[PDB]
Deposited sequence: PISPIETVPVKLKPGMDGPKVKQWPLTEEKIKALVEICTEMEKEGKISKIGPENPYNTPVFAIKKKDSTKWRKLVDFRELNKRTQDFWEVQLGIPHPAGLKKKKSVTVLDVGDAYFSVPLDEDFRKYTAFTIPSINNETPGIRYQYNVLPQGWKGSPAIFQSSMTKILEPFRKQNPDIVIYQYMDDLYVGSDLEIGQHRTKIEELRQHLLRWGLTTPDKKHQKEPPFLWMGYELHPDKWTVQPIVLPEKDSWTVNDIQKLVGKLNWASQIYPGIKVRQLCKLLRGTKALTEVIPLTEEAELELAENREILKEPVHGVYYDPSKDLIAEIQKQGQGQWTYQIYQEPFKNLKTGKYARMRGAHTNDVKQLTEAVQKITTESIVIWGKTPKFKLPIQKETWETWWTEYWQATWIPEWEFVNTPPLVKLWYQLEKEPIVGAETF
């Protein structure tokens, strides 16, 4: 039996353009999709279906299909969030180890409500448009649709019920096609418990280690110097003054007034009295979290990312600008590959902390990103993103 699914009121199915695919990825999708069709998971459709969501091939050594249901997810957000929502446990971020398991194969056993299937249409393009794209819709719960875990919630609870009862201190959280399993066990016992869980899932047709406990803040750092030029203090005042917009308490005047008159930038300046001391307060202010910034569950998360050069990238997550919920860096063979890796890491952390993915403000030309991101993407979800032109010194203020 199938759970009836409805779009948002007066909302139509997605009609999203397929991005061009290389021959190698087209050929991979074709073989994957013929095998799914012979197993009945998808079916060819005719022109009376005007819907489309995009599809790609990614890698784990063997190709895997990734459907971008971002648009559909938005147009079914009453179904998976306010009707069948999966609650997010505050305990998960406190655990010493969190293991992520793919459980998406679970969904291929559950049929999809036949009146919804047309909204899952997708196209395999052809090279040079020589042949009409191959067209398909889903017959089962598809991976990547936020409706799938919501409908499967009933069954996931029945699968996990023995393991949860026997391990009351382990937190198991489902997000899209993944299980997040967190314990305070020593790493060997934790791995052992993952193994037993794999065995529970294996009796129903279901076949990477985080340490949230060690996700330390990236505080705004201020230089410690022997001598201070005019230039040095100006950069310091600018950096403090921008910081003052997030951290109440930041003060700059004592530093400001040793810069009075119009002196050369190269002129060395000995610090004054509360001047040198205010570098102490200001330092003391900036190495601890923002007072009074709290997560609002009804608002979107935003992630901004700056390229710092030399393989390092800074990021901040917020809902209203300058009230950061989190700040960090990402460390260390291509600008796009590195950025693709930072996006996946930031999304995973924020699934763990809030059960929500952020919308990314990405410092890259749209077409470069869309042409390369799939060469390095390994997750089974896709966050929302948009393309931005990083303000010049925001990068200098988050520099280490």
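Q: Residue ranges with no C-alpha coordinates, please: along the deposited sequence, counted from 1, in order.
A: Several regions go unmodelled: 1-5, 66-68, 216-231, 357-361, 430-440.
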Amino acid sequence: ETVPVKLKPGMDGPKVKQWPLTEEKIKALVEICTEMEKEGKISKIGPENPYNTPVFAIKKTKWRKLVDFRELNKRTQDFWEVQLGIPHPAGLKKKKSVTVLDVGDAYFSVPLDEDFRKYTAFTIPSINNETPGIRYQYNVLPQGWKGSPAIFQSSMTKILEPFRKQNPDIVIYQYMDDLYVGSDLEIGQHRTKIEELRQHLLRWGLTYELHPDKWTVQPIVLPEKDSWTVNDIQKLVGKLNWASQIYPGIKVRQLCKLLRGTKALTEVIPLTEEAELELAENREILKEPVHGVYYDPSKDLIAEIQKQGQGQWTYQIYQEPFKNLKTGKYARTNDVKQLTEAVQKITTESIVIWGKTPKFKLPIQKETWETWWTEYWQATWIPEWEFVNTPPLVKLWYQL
From here on, numbers count along this sequence of modelled residues.
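For clarity, a rigid core is taken as the largest C-alpha set superposing within 1.5 Å between two forms.
Q: I'd like to know which segment deviates more from the shown structure in 7 other deposited structures of this protein: 246-254 or 295-303, using C-alpha RMS over all structures and residues after a core fit.
A: Evaluated in 7 other deposited structures of this protein, the stretch farther from the shown form is 246-254.
Q: Could you tell me which of the two stretches, 269-277 or 144-152, has its Cα atoms lying farther from the shown structure in 7 other deposited structures of this protein after fitting on the rigid core?
A: Clearly, after the core fit, the stretch farther away in 7 other deposited structures of this protein is 269-277.
Q: Mind pulling up the entry and telling me whether 227-235 or 95-103 has the higher mean Cα temperature factor?
A: Between 95-103 and 227-235, it is 227-235 that shows the higher mean C-alpha B-factor.
Q: For the higher mean C-alpha B factor in the entry, choose 257-265 or 308-316.
A: The entry gives the higher C-alpha B-factor average to 257-265.
Q: Per the coordinate record, which of the options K165, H200, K251, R135 holds the highest CA temperature factor?
A: Answer for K165, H200, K251, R135: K251, with the highest C-alpha B-factor.
Q: Have a look at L301, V110, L277, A90 and flag the one whose Cα has the highest B-factor in the entry.
A: The record points to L277.
Q: How does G182 rank on Cα B-factor within its chain, lowest, middle or highest third?
A: It falls in the bottom third of the chain.
Q: Classify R332 as lowest, middle or highest third according to the C-alpha B-factor given in the PDB entry, relative to its own chain.
A: Its C-alpha B-factor, which the entry lists for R332, ranks in the highest third among residues of this chain.
Q: Using the temperature factors of the C-alpha atoms in this entry, rank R117 within its chain: lowest, middle or highest third.
A: Bottom third by C-alpha B-factor.
Q: Going by what the PDB entry lists, where does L240 fall on CA B-factor within its chain: lowest, middle or highest third?
A: As the PDB entry reports it, the C-alpha B-factor of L240 lands in the highest third of its chain.
Q: Per the entry's values, where does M11 land by CA temperature factor relative to the rest of its chain, in the lowest, middle or highest third?
A: It falls in the top third of the chain.
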